[PDB]
């Protein structure tokens, strides 16, 4: 456990009174109340929306992690996209090359022709440089 997952798993399961894997405004409100806080039904749905990546109005364990990390959903989202980008950028120079895309896609089970790889890099290459950078990846 990191800056403790185990503790966050503890916390989450306190909040998630009914064990359904999500924390509602209802359940969130009960806990805040127990600590002598009086949030409104809007303050609560706001607390949830800060982290509600799948937009369902409720907090699942992953999104709960965002909360615990202090982050908003947009920031958490950007960390995850970067971890993805890093899987492809094997040499870590900030750009995915055609060879890297082909190499890693193949290693992840998706064998692509030199045709399909060159096309995928074409499409995403906005800077015009023959390589896919982080901002370019983000689409």
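Positions refer to the first chain, counted from 1.
Point to revise | Of 102-110 and 35-43, the stretch whose C-alpha atoms average the higher B-factor in the entry | key: Comparing 102-110 with 35-43, the higher mean C-alpha B-factor belongs to 35-43.
Check your understanding: If you average the CA temperature factors over each stretch, which comes out higher, 64-72 or 89-97?
Key -> In the deposited entry, the stretch with the higher C-alpha B-factor mean is 64-72.
Practice item. Tell me, lowest, middle or highest third: where does the Cα B factor of residue 10 rank within its chain? Key: Ranked within chain, residue 10 CA B lands in the highest tercile.
**Study point:** Ranked against its chain, the third holding the CA B-factor of residue 123
**Key:** Residue 123: CA B-factor falls in the highest third of its chain.
Exercise for review: Ordered by C-alpha B-factor within the chain, which third holds residue 20? Give me lowest, middle or highest, please.
Suggested key: Its C-alpha B-factor belongs to the middle third of this chain's values.
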